[PDB]
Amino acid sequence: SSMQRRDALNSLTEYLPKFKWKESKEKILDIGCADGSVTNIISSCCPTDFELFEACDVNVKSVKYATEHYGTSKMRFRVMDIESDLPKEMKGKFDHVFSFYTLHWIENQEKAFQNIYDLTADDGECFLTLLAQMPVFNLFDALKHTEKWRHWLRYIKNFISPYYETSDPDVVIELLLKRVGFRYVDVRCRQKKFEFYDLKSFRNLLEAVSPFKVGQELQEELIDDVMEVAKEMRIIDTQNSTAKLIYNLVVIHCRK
């Protein structure tokens, strides 16, 4: 989505000058590559010629789309769960580990952050972004106790950020990262705005980010009901036919 690309670019632009490379032949990893369009931004923006850049994701079709489109001899897309046990091959392998708009998908929060630590090299650093409060969560959440969608949206909480209703998520995450072993930790809760100027660009977003598989017959009907709720919640201005999303993106910069 456009929202995810801007936040990726804005993040890298700011924190790029705070990273240390300190050598030649740098191995890099991105967690939750999806289509690989953001990974391309990370790979491209990074000044160095990385000997190897890996990018993982649990979604099989996404990895295939990515390997088919962005795959090179040094840009390898593999399947992997970051909640699962790491292979010994990757323990302490990566000079930089990246992960944007992914860690809010993940139940086993403590294993993920420990795996990210374990993945990072002795003198390595990590750069992670993830969603806290996001109105889109609330838009779908308002549909989970309705006859129409009650059963499709049963595993809703498995997709909503564990931090969307949390007090001082920055403090909770920072403590988690320090207890994991990271010698340097910096976690910020960044309030963001993203405006949509027509309703179609807002409907395009809701379609892209919908984790549900309601089919084709019901698929259009779901988004319509989400758009109606979005009018009631004032996330889309009915007078102007515009949409406004105000959300928190927690951005993390650690060093082993």
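In this text, residue numbers run from 1 along the sequence as written.
For the C-alpha atoms alone, is the average B factor greater in 105-113 or in 76-84, going by the entry?
According to the PDB entry, the answer is 76-84.
Take the C-alpha B-factors listed in the entry for 54-62 and for 183-191, compute each mean, and give the stretch with the larger one.
Taking the mean B-factor of the alpha carbons in each, 54-62 is higher.
Relative to the other modelled residues in the chain, which third contains the C-alpha temperature factor of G92: lowest, middle or highest?
Middle third.
Split the chain's modelled residues into thirds by Cα B-factor; is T67 in the lowest, middle or highest one?
Ranked within chain, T67 CA B lands in the highest tercile.
Sorting the chain's modelled residues by C-alpha B-factor, tell me whether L153 ends up in the lowest, middle or highest third.
For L153, the deposited C-alpha B-factor lands in the highest third.
Thinking about Cα B factors across the chain, which third does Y15 belong to?
According to the entry, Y15 has a C-alpha B-factor in the chain's middle third.
Please place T146 in the lowest, middle or highest third of its chain by C-alpha B factor as given in the entry.
Highest third of the chain for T146's C-alpha B-factor.
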